[PDB]
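Engineer: Okay, so here is final13.pdb, and as you'll see once you scroll down, it has PDB, N, CA and C atoms.
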ATOM      1  N   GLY A   1     114.995  16.294  74.342
ATOM      2  CA  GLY A   1     115.785  16.833  75.484
ATOM      3  C   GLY A   1     114.923  17.234  76.668
ATOM      4  N   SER A   2     114.299  16.244  77.306
ATOM      5  CA  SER A   2     113.443  16.467  78.479
ATOM      6  C   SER A   2     114.182  16.275  79.808
ATOM      7  N   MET A   3     115.376  15.697  79.743
ATOM      8  CA  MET A   3     116.168  15.425  80.942
ATOM      9  C   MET A   3     117.612  15.907  80.785
ATOM     10  N   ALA A   4     118.279  16.126  81.921
ATOM     11  CA  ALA A   4     119.701  16.489  81.989
ATOM     12  C   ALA A   4     120.216  16.298  83.422
ATOM     13  N   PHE A   5     121.522  16.493  83.635
ATOM     14  CA  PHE A   5     122.104  16.451  84.989
ATOM     15  C   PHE A   5     122.156  17.831  85.643
ATOM     16  N   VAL A   6     121.797  17.879  86.921
ATOM     17  CA  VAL A   6     121.741  19.122  87.679
ATOM     18  C   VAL A   6     123.065  19.419  88.375
ATOM     19  N   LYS A   7     123.659  18.387  88.960
ATOM     20  CA  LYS A   7     124.939  18.525  89.640
ATOM     21  C   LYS A   7     125.664  17.194  89.666
ATOM     22  N   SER A   8     126.976  17.249  89.441
ATOM     23  CA  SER A   8     127.828  16.067  89.463
ATOM     24  C   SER A   8     129.138  16.355  90.194
ATOM     25  N   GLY A   9     129.709  15.335  90.817
ATOM     26  CA  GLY A   9     130.999  15.515  91.458
ATOM     27  C   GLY A   9     131.346  14.409  92.427
ATOM     28  N   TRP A  10     132.567  14.481  92.949
ATOM     29  CA  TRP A  10     133.033  13.522  93.941
ATOM     30  C   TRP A  10     132.493  13.882  95.311
ATOM     31  N   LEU A  11     132.088  12.855  96.052
ATOM     32  CA  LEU A  11     131.854  12.972  97.482
ATOM     33  C   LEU A  11     132.351  11.711  98.167
ATOM     34  N   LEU A  12     132.714  11.828  99.437
ATOM     35  CA  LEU A  12     132.948  10.635 100.236
ATOM     36  C   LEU A  12     131.614  10.104 100.722
ATOM     37  N   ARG A  13     131.455   8.790 100.668
ATOM     38  CA  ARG A  13     130.257   8.150 101.189
ATOM     39  C   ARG A  13     130.652   7.112 102.227
ATOM     40  N   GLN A  14     129.934   7.099 103.348
ATOM     41  CA  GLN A  14     130.160   6.099 104.393
ATOM     42  C   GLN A  14     129.655   4.746 103.913
ATOM     43  N   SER A  15     130.576   3.805 103.741
ATOM     44  CA  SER A  15     130.224   2.479 103.248
ATOM     45  C   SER A  15     129.772   1.592 104.403
ATOM     46  N   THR A  16     128.554   1.064 104.291
ATOM     47  CA  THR A  16     128.000   0.130 105.278
ATOM     48  C   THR A  16     128.598  -1.268 105.135
ATOM     49  N   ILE A  17     129.345  -1.489 104.057
ATOM     50  CA  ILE A  17     130.077  -2.738 103.873
ATOM     51  C   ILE A  17     131.480  -2.612 104.481
ATOM     52  N   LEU A  18     132.233  -1.610 104.034
ATOM     53  CA  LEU A  18     133.615  -1.420 104.470
ATOM     54  C   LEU A  18     133.722  -0.808 105.869
ATOM     55  N   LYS A  19     132.627  -0.208 106.343
ATOM     56  CA  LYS A  19     132.586   0.553 107.609
ATOM     57  C   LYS A  19     133.635   1.673 107.653
ATOM     58  N   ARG A  20     133.796   2.345 106.519
ATOM     59  CA  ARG A  20     134.683   3.497 106.396
ATOM     60  C   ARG A  20     134.217   4.363 105.227
ATOM     61  N   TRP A  21     134.815   5.542 105.099
ATOM     62  CA  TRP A  21     134.481   6.472 104.025
ATOM     63  C   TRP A  21     135.113   6.046 102.696
ATOM     64  N   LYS A  22     134.314   6.090 101.632
ATOM     65  CA  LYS A  22     134.735   5.667 100.304
ATOM     66  C   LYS A  22     134.430   6.779  99.304
ATOM     67  N   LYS A  23     135.376   7.056  98.417
ATOM     68  CA  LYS A  23     135.174   8.028  97.347
ATOM     69  C   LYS A  23     134.241   7.475  96.269
ATOM     70  N   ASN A  24     133.188   8.228  95.952
ATOM     71  CA  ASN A  24     132.254   7.863  94.881
ATOM     72  C   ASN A  24     131.986   9.074  93.981
ATOM     73  N   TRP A  25     131.655   8.822  92.719
ATOM     74  CA  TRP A  25     131.183   9.877  91.814
ATOM     75  C   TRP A  25     129.655   9.926  91.804
ATOM     76  N   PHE A  26     129.103  11.132  91.959
ATOM     77  CA  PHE A  26     127.655  11.363  92.055
ATOM     78  C   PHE A  26     127.134  12.187  90.898
ATOM     79  N   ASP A  27     126.005  11.757  90.336
ATOM     80  CA  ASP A  27     125.253  12.563  89.382
ATOM     81  C   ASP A  27     123.863  12.736  89.935
ATOM     82  N   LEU A  28     123.406  13.983  89.995
ATOM     83  CA  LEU A  28     122.028  14.284  90.381
ATOM     84  C   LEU A  28     121.245  14.666  89.134
ATOM     85  N   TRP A  29     120.215  13.879  88.829
ATOM     86  CA  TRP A  29     119.416  14.048  87.606
ATOM     87  C   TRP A  29     118.281  15.056  87.792
ATOM     88  N   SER A  30     117.786  15.592  86.679
ATOM     89  CA  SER A  30     116.707  16.589  86.704
ATOM     90  C   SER A  30     115.379  16.038  87.219
ATOM     91  N   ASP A  31     115.237  14.715  87.220
ATOM     92  CA  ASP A  31     114.026  14.072  87.740
ATOM     93  C   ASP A  31     114.190  13.588  89.190
ATOM     94  N   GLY A  32     115.294  13.975  89.830
ATOM     95  CA  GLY A  32     115.512  13.635  91.241
ATOM     96  C   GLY A  32     116.269  12.345  91.523
ATOM     97  N   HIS A  33     116.692  11.628  90.485
ATOM     98  CA  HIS A  33     117.620  10.512  90.695
ATOM     99  C   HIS A  33     118.943  11.039  91.212
ATOM    100  N   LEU A  34     119.446  10.433  92.285
ATOM    101  CA  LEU A  34     120.847  10.587  92.665
ATOM    102  C   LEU A  34     121.512   9.240  92.406
ATOM    103  N   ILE A  35     122.444   9.200  91.453
ATOM    104  CA  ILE A  35     123.185   7.959  91.166
ATOM    105  C   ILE A  35     124.639   8.111  91.575
ATOM    106  N   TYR A  36     125.185   7.087  92.223
ATOM    107  CA  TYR A  36     126.603   7.110  92.561
ATOM    108  C   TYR A  36     127.346   5.872  92.094
ATOM    109  N   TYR A  37     128.628   6.080  91.781
ATOM    110  CA  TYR A  37     129.452   5.114  91.080
ATOM    111  C   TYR A  37     130.824   5.012  91.734
ATOM    112  N   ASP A  38     131.521   3.912  91.446
ATOM    113  CA  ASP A  38     132.927   3.700  91.811
ATOM    114  C   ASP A  38     133.835   4.815  91.316
ATOM    115  N   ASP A  39     133.546   5.316  90.117
ATOM    116  CA  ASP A  39     134.329   6.412  89.558
ATOM    117  C   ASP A  39     133.559   7.234  88.527
ATOM    118  N   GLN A  40     134.235   8.266  88.022
ATOM    119  CA  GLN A  40     133.630   9.289  87.177
ATOM    120  C   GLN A  40     133.222   8.805  85.784
ATOM    121  N   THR A  41     133.587   7.571  85.440
ATOM    122  CA  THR A  41     133.259   6.996  84.133
ATOM    123  C   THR A  41     131.804   6.523  84.064
ATOM    124  N   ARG A  42     131.159   6.448  85.228
ATOM    125  CA  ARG A  42     129.756   6.045  85.342
ATOM    126  C   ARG A  42     129.506   4.613  84.859
ATOM    127  N   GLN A  43     130.527   3.767  84.974
ATOM    128  CA  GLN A  43     130.470   2.386  84.485
ATOM    129  C   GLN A  43     130.045   1.380  85.547
ATOM    130  N   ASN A  44     130.385   1.670  86.799
ATOM    131  CA  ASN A  44     130.123   0.764  87.910
ATOM    132  C   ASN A  44     129.250   1.428  88.963
ATOM    133  N   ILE A  45     127.944   1.174  88.910
ATOM    134  CA  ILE A  45     127.017   1.739  89.893
ATOM    135  C   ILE A  45     127.240   1.180  91.293
ATOM    136  N   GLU A  46     127.270   2.081  92.271
ATOM    137  CA  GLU A  46     127.258   1.693  93.674
ATOM    138  C   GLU A  46     125.810   1.536  94.138
ATOM    139  N   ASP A  47     125.028   2.607  94.005
ATOM    140  CA  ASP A  47     123.606   2.576  94.342
ATOM    141  C   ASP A  47     122.908   3.814  93.781
ATOM    142  N   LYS A  48     121.607   3.913  94.041
ATOM    143  CA  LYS A  48     120.786   5.026  93.574
ATOM    144  C   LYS A  48     119.805   5.440  94.663
ATOM    145  N   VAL A  49     119.354   6.689  94.594
ATOM    146  CA  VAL A  49     118.233   7.146  95.419
ATOM    147  C   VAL A  49     117.271   7.903  94.505
ATOM    148  N   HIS A  50     115.975   7.621  94.631
ATOM    149  CA  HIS A  50     114.944   8.447  94.013
ATOM    150  C   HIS A  50     114.595   9.519  95.030
ATOM    151  N   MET A  51     115.182  10.707  94.893
ATOM    152  CA  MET A  51     115.037  11.732  95.943
ATOM    153  C   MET A  51     113.579  12.119  96.267
ATOM    154  N   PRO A  52     112.738  12.361  95.239
ATOM    155  CA  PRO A  52     111.356  12.719  95.565
ATOM    156  C   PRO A  52     110.594  11.629  96.319
ATOM    157  N   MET A  53     110.784  10.375  95.916
ATOM    158  CA  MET A  53     110.015   9.262  96.481
ATOM    159  C   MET A  53     110.630   8.618  97.734
ATOM    160  N   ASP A  54     111.962   8.582  97.805
ATOM    161  CA  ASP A  54     112.671   7.825  98.849
ATOM    162  C   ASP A  54     113.086   8.664 100.049
ATOM    163  N   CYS A  55     113.418   9.932  99.818
ATOM    164  CA  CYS A  55     114.004  10.768 100.868
ATOM    165  C   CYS A  55     112.958  11.373 101.797
ATOM    166  N   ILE A  56     113.107  11.113 103.093
ATOM    167  CA  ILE A  56     112.173  11.643 104.089
ATOM    168  C   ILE A  56     112.803  12.739 104.960
ATOM    169  N   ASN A  57     114.127  12.865 104.897
ATOM    170  CA  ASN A  57     114.833  13.924 105.613
ATOM    171  C   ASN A  57     116.241  14.091 105.058
ATOM    172  N   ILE A  58     116.738  15.325 105.090
ATOM    173  CA  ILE A  58     118.158  15.598 104.861
ATOM    174  C   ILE A  58     118.707  16.336 106.070
ATOM    175  N   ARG A  59     119.810  15.817 106.599
ATOM    176  CA  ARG A  59     120.515  16.406 107.728
ATOM    177  C   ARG A  59     121.833  16.946 107.222
ATOM    178  N   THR A  60     122.265  18.077 107.772
ATOM    179  CA  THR A  60     123.555  18.656 107.407
ATOM    180  C   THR A  60     124.294  19.102 108.665
ATOM    181  N   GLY A  61     125.622  18.995 108.638
ATOM    182  CA  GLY A  61     126.456  19.453 109.748
ATOM    183  C   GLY A  61     126.152  18.773 111.066
ATOM    184  N   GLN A  62     125.943  19.584 112.101
ATOM    185  CA  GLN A  62     125.656  19.099 113.455
ATOM    186  C   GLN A  62     124.426  18.190 113.531
ATOM    187  N   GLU A  63     123.517  18.335 112.567
ATOM    188  CA  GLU A  63     122.298  17.513 112.517
ATOM    189  C   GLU A  63     122.574  16.036 112.253
ATOM    190  N   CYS A  64     123.719  15.729 111.641
ATOM    191  CA  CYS A  64     124.059  14.344 111.309
ATOM    192  C   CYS A  64     124.193  13.460 112.546
ATOM    193  N   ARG A  65     123.686  12.235 112.448
ATOM    194  CA  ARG A  65     123.649  11.308 113.586
ATOM    195  C   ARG A  65     124.410  10.025 113.289
ATOM    196  N   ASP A  66     125.031   9.460 114.326
ATOM    197  CA  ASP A  66     125.614   8.100 114.298
ATOM    198  C   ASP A  66     126.829   7.890 113.387
ATOM    199  N   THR A  67     127.296   8.945 112.721
ATOM    200  CA  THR A  67     128.373   8.794 111.745
ATOM    201  C   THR A  67     129.526   9.769 111.991
ATOM    202  N   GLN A  68     130.701   9.212 112.275
ATOM    203  CA  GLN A  68     131.896  10.010 112.509
ATOM    204  C   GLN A  68     132.414  10.538 111.180
ATOM    205  N   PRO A  69     132.806  11.824 111.145
ATOM    206  CA  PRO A  69     133.367  12.392 109.927
ATOM    207  C   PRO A  69     134.705  11.740 109.580
ATOM    208  N   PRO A  70     135.147  11.882 108.316
ATOM    209  CA  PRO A  70     136.485  11.429 107.949
ATOM    210  C   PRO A  70     137.518  12.147 108.801
ATOM    211  N   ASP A  71     138.661  11.505 109.015
ATOM    212  CA  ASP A  71     139.717  12.086 109.845
ATOM    213  C   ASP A  71     140.075  13.482 109.344
ATOM    214  N   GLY A  72     140.168  14.431 110.274
ATOM    215  CA  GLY A  72     140.516  15.813 109.944
ATOM    216  C   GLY A  72     139.371  16.706 109.490
ATOM    217  N   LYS A  73     138.195  16.118 109.268
ATOM    218  CA  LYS A  73     137.021  16.865 108.804
ATOM    219  C   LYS A  73     136.018  17.093 109.929
ATOM    220  N   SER A  74     135.295  18.208 109.856
ATOM    221  CA  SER A  74     134.241  18.498 110.827
ATOM    222  C   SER A  74     132.905  17.992 110.312
ATOM    223  N   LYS A  75     131.908  17.965 111.195
ATOM    224  CA  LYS A  75     130.559  17.556 110.828
ATOM    225  C   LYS A  75     129.980  18.495 109.781
ATOM    226  N   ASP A  76     130.498  19.722 109.726
ATOM    227  CA  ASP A  76     129.981  20.741 108.803
ATOM    228  C   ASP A  76     130.231  20.417 107.328
ATOM    229  N   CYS A  77     131.103  19.447 107.065
ATOM    230  CA  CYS A  77     131.300  18.944 105.702
ATOM    231  C   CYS A  77     130.312  17.834 105.337
ATOM    232  N   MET A  78     129.546  17.371 106.322
ATOM    233  CA  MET A  78     128.720  16.179 106.142
ATOM    234  C   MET A  78     127.261  16.462 105.828
ATOM    235  N   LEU A  79     126.675  15.554 105.058
ATOM    236  CA  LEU A  79     125.257  15.561 104.772
ATOM    237  C   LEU A  79     124.743  14.133 104.952
ATOM    238  N   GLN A  80     123.490  13.990 105.375
ATOM    239  CA  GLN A  80     122.852  12.672 105.409
ATOM    240  C   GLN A  80     121.513  12.668 104.688
ATOM    241  N   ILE A  81     121.355  11.716 103.778
ATOM    242  CA  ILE A  81     120.082  11.469 103.114
ATOM    243  C   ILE A  81     119.374  10.315 103.832
ATOM    244  N   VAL A  82     118.283  10.635 104.524
ATOM    245  CA  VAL A  82     117.514   9.632 105.253
ATOM    246  C   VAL A  82     116.386   9.129 104.359
ATOM    247  N   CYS A  83     116.329   7.813 104.162
ATOM    248  CA  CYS A  83     115.362   7.209 103.244
ATOM    249  C   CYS A  83     114.262   6.460 103.978
ATOM    250  N   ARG A  84     113.160   6.197 103.279
ATOM    251  CA  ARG A  84     111.969   5.597 103.900
ATOM    252  C   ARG A  84     112.103   4.099 104.204
ATOM    253  N   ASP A  85     113.044   3.419 103.548
ATOM    254  CA  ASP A  85     113.297   2.000 103.848
ATOM    255  C   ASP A  85     114.187   1.816 105.082
ATOM    256  N   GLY A  86     114.483   2.924 105.760
ATOM    257  CA  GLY A  86     115.302   2.906 106.967
ATOM    258  C   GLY A  86     116.788   3.069 106.705
ATOM    259  N   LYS A  87     117.157   3.245 105.440
ATOM    260  CA  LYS A  87     118.555   3.433 105.072
ATOM    261  C   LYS A  87     118.924   4.911 105.135
ATOM    262  N   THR A  88     120.093   5.197 105.698
ATOM    263  CA  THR A  88     120.650   6.544 105.668
ATOM    264  C   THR A  88     121.943   6.530 104.854
ATOM    265  N   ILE A  89     122.078   7.491 103.944
ATOM    266  CA  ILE A  89     123.287   7.634 103.131
ATOM    267  C   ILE A  89     124.085   8.814 103.660
ATOM    268  N   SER A  90     125.269   8.524 104.198
ATOM    269  CA  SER A  90     126.117   9.536 104.803
ATOM    270  C   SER A  90     127.165   9.987 103.809
ATOM    271  N   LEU A  91     127.225  11.298 103.604
ATOM    272  CA  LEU A  91     128.115  11.907 102.622
ATOM    273  C   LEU A  91     129.016  12.946 103.276
ATOM    274  N   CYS A  92     130.176  13.173 102.668
ATOM    275  CA  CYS A  92     131.087  14.198 103.138
ATOM    276  C   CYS A  92     131.728  14.912 101.957
ATOM    277  N   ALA A  93     131.533  16.229 101.910
ATOM    278  CA  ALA A  93     132.170  17.078 100.911
ATOM    279  C   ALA A  93     133.564  17.494 101.393
ATOM    280  N   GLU A  94     134.317  18.163 100.522
ATOM    281  CA  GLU A  94     135.665  18.624 100.855
ATOM    282  C   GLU A  94     135.670  19.857 101.758
ATOM    283  N   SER A  95     134.564  20.594 101.764
ATOM    284  CA  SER A  95     134.469  21.805 102.561
ATOM    285  C   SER A  95     133.033  22.062 102.987
ATOM    286  N   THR A  96     132.870  22.980 103.939
ATOM    287  CA  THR A  96     131.552  23.443 104.367
ATOM    288  C   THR A  96     130.748  24.021 103.197
ATOM    289  N   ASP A  97     131.399  24.831 102.366
ATOM    290  CA  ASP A  97     130.728  25.473 101.235
ATOM    291  C   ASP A  97     130.308  24.479 100.158
ATOM    292  N   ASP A  98     131.151  23.480  99.912
ATOM    293  CA  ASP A  98     130.772  22.386  99.020
ATOM    294  C   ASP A  98     129.590  21.601  99.581
ATOM    295  N   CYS A  99     129.602  21.356 100.890
ATOM    296  CA  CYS A  99     128.487  20.662 101.549
ATOM    297  C   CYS A  99     127.180  21.445 101.409
ATOM    298  N   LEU A 100     127.239  22.754 101.641
ATOM    299  CA  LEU A 100     126.046  23.583 101.533
ATOM    300  C   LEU A 100     125.509  23.659 100.095
ATOM    301  N   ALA A 101     126.408  23.631  99.106
ATOM    302  CA  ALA A 101     126.007  23.603  97.704
ATOM    303  C   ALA A 101     125.248  22.312  97.392
ATOM    304  N   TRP A 102     125.783  21.186  97.852
ATOM    305  CA  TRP A 102     125.090  19.920  97.665
ATOM    306  C   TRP A 102     123.758  19.931  98.402
ATOM    307  N   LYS A 103     123.738  20.524  99.596
ATOM    308  CA  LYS A 103     122.522  20.545 100.418
ATOM    309  C   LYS A 103     121.343  21.176  99.684
ATOM    310  N   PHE A 104     121.534  22.384  99.161
ATOM    311  CA  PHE A 104     120.411  23.093  98.550
ATOM    312  C   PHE A 104     119.951  22.387  97.270
ATOM    313  N   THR A 105     120.900  21.819  96.527
ATOM    314  CA  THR A 105     120.577  21.133  95.276
ATOM    315  C   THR A 105     119.831  19.823  95.548
ATOM    316  N   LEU A 106     120.314  19.055  96.530
ATOM    317  CA  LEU A 106     119.631  17.824  96.974
ATOM    318  C   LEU A 106     118.233  18.106  97.537
ATOM    319  N   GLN A 107     118.116  19.170  98.323
ATOM    320  CA  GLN A 107     116.812  19.585  98.850
ATOM    321  C   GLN A 107     115.836  19.888  97.699
ATOM    322  N   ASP A 108     116.283  20.696  96.737
ATOM    323  CA  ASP A 108     115.475  21.038  95.565
ATOM    324  C   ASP A 108     115.086  19.819  94.734
ATOM    325  N   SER A 109     115.991  18.843  94.661
ATOM    326  CA  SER A 109     115.767  17.610  93.898
ATOM    327  C   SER A 109     114.572  16.794  94.399
ATOM    328  N   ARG A 110     114.246  16.946  95.679
ATOM    329  CA  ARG A 110     113.108  16.250  96.286
ATOM    330  C   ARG A 110     111.776  16.791  95.751
ATOM    331  N   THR A 111     111.809  17.991  95.175
ATOM    332  CA  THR A 111     110.601  18.622  94.635
ATOM    333  C   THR A 111     110.345  18.288  93.159
ATOM    334  N   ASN A 112     111.210  17.461  92.580
ATOM    335  CA  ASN A 112     111.150  17.133  91.161
ATOM    336  C   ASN A 112     110.248  15.952  90.824
TER     337      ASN A 112
END
Have the structure of the file written as structure tokens, please.
Structural biologist:
Amino acid sequence: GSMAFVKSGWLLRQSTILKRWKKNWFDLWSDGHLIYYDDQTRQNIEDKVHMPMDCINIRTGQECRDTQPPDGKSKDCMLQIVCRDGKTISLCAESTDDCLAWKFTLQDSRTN
């Protein structure tokens, strides 16, 4: 038992294919993997990020760039994971407090 999950849950992710927000299930691993899936069954991977190695910046709220929030939501629900290959992963929680919870956990995950 050297590994476990730190945080899991639904977030909206901005799809670079669909050009709109898509619901995905996220698991954040104790070694800094962030894995996301089509649904909570963890059967269909969308993509992954190695937070310690790949992430060069995290933006939250007003800091987010180039990405419109889902209809009815403010920027304060949004987070962006900026990666070294030039890819940015845009996320949106259901609330400001949910966004801030993900923020601190994702930030900590980069130190793993």
Engineer: Hey, which of A:61, A:88, A:26, A:32 ends up closest to residue 74 of chain A? Count all atoms listed in the file.
Structural biologist: A:61
Engineer: Any chance you could work out the residue set of the PyMOL selection byres ((chain A and resi 33) around 6.5) here, as a VMD selection string?
Structural biologist: chain A and resid 27 to 32 34 to 35 49 to 52
Engineer: Please dump the current selection as a CSV table (one decimal), in the frame of the given file; keep N, CA and C atoms.
Structural biologist:
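What follows is the written file part-v1.csv:
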chain,number,residue,atom,x,y,z
A,27,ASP,N,126.0,11.8,90.3
A,27,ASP,CA,125.3,12.6,89.4
A,27,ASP,C,123.9,12.7,89.9
A,28,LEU,N,123.4,14.0,90.0
A,28,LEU,CA,122.0,14.3,90.4
A,28,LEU,C,121.2,14.7,89.1
A,29,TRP,N,120.2,13.9,88.8
A,29,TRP,CA,119.4,14.0,87.6
A,29,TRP,C,118.3,15.1,87.8
A,30,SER,N,117.8,15.6,86.7
A,30,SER,CA,116.7,16.6,86.7
A,30,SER,C,115.4,16.0,87.2
A,31,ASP,N,115.2,14.7,87.2
A,31,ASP,CA,114.0,14.1,87.7
A,31,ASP,C,114.2,13.6,89.2
A,32,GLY,N,115.3,14.0,89.8
A,32,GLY,CA,115.5,13.6,91.2
A,32,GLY,C,116.3,12.3,91.5
A,34,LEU,N,119.4,10.4,92.3
A,34,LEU,CA,120.8,10.6,92.7
A,34,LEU,C,121.5,9.2,92.4
A,35,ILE,N,122.4,9.2,91.5
A,35,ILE,CA,123.2,8.0,91.2
A,35,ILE,C,124.6,8.1,91.6
A,49,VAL,N,119.4,6.7,94.6
A,49,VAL,CA,118.2,7.1,95.4
A,49,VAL,C,117.3,7.9,94.5
A,50,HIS,N,116.0,7.6,94.6
A,50,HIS,CA,114.9,8.4,94.0
A,50,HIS,C,114.6,9.5,95.0
A,51,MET,N,115.2,10.7,94.9
A,51,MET,CA,115.0,11.7,95.9
A,51,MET,C,113.6,12.1,96.3
A,52,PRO,N,112.7,12.4,95.2
A,52,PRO,CA,111.4,12.7,95.6
A,52,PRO,C,110.6,11.6,96.3
Engineer: From the DSSP assignment of the backbone, select every residue of chain A that is helix (DSSP H, G or I), and format the answer as a PyMOL selection string.
Structural biologist: chain A and resi 51-54+61-63+75-77+96-109
Engineer: So how far away is atom N of residue 36 of chain A from atom CA of residue 48 of chain A, in Å?
Structural biologist: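 Spanning atom CA of residue 48 of chain A to atom N of residue 36 of chain A is a straight-line distance of 5.0 Å.
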Engineer: Measuring between only N, CA and C atoms, which one of A:106, A:55, A:100, A:64 shows the shortest distance to residue 85 of chain A?
Structural biologist: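 Going through A:106, A:55, A:100, A:64 one by one, the smallest distance to residue 85 of chain A is for A:55.
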Engineer: For the PyMOL selection byres (((chain A and resi 94 and name CA) around 12) and name CA), applied here, can you spell out every residue it catches as a count of residues only?
Structural biologist: 28
Engineer: Between A:109, A:37, A:25, A:1, which one has atoms that come closest to residue 53 of chain A, using all atoms listed in the file?
Structural biologist: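 Closest to residue 53 of chain A of all the choices is A:109.
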Engineer: Using only C-alpha atoms, which residue out of A:8, A:67, A:105, A:90 lies closest to residue 42 of chain A?
Structural biologist: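 Answer, going by the shortest atom-to-atom distance: A:8.
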Engineer: How many Å lie between atom CA of residue 18 of chain A and atom CA of residue 81 of chain A, rounded to one decimal?
Structural biologist: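 Going from atom CA of residue 18 of chain A over to atom CA of residue 81 of chain A, I get 18.7 Å.
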Engineer: Taking (119.2, 16.4, 105.8) in the file's own coordinates, collect the residues within 7 Å, counting only N, CA and C atoms, and hand them back as an MDAnalysis selection string.
Structural biologist: chainID A and resid 57:60 79:82
Engineer: Could the residues in this selection be written to a file with N, CA and C atoms, as a compact mmCIF listing (two decimals), in the frame of the given file?
Structural biologist:
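Output file selection_32.txt is given in full below:
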# COMPACT_ATOMS: atom_id res chain seq x y z
N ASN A 57 114.13 12.86 104.90
CA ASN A 57 114.83 13.92 105.61
C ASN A 57 116.24 14.09 105.06
N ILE A 58 116.74 15.32 105.09
CA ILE A 58 118.16 15.60 104.86
C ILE A 58 118.71 16.34 106.07
N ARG A 59 119.81 15.82 106.60
CA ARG A 59 120.52 16.41 107.73
C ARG A 59 121.83 16.95 107.22
N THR A 60 122.26 18.08 107.77
CA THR A 60 123.56 18.66 107.41
C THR A 60 124.29 19.10 108.66
N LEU A 79 126.68 15.55 105.06
CA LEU A 79 125.26 15.56 104.77
C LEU A 79 124.74 14.13 104.95
N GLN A 80 123.49 13.99 105.38
CA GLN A 80 122.85 12.67 105.41
C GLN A 80 121.51 12.67 104.69
N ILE A 81 121.36 11.72 103.78
CA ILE A 81 120.08 11.47 103.11
C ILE A 81 119.37 10.32 103.83
N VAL A 82 118.28 10.64 104.52
CA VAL A 82 117.51 9.63 105.25
C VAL A 82 116.39 9.13 104.36
Engineer: How would you write, as a ChimeraX atom specification, the set of residues in chain A that DSSP gives as strand (DSSP E)?
Structural biologist: /A:5-15,20-29,33-37,45-50,55-60,78-83,88-92
Engineer: Any chance you could work out the axis-aligned box around segment 85-93 of chain A, listed atoms only, 4 Å on each side, giving centre and edge lengths in Å to one decimal, as lines of an AutoDock Vina configuration file?
Structural biologist:
center_x = 123.3
center_y = 9.7
center_z = 103.9
size_x = 28.5
size_y = 23.7
size_z = 14.1
Engineer: Counting only N, CA and C atoms, which residues sit no farther than 8 Å from the position (134.9, 1.4, 94.5) in the file's frame? I'd like them as a list in words.
Structural biologist: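 Residues with an atom close enough to that point: residues 22, 23, 24, 37, 38, 39, 44 and 46 of chain A.
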Engineer: Atom CA of residue 104 of chain A and atom CA of residue 3 of chain A are how many Å apart?
Structural biologist: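 About the pair atom CA of residue 104 of chain A and atom CA of residue 3 of chain A: they are 19.7 Å apart.
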Engineer: Using only C-alpha atoms, pick whichever of A:7, A:111, A:16, A:21 has the shortest atom-to-atom distance to residue 68 of chain A.
Structural biologist: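 Using only C-alpha atoms, residue 68 of chain A sits closest to A:21.
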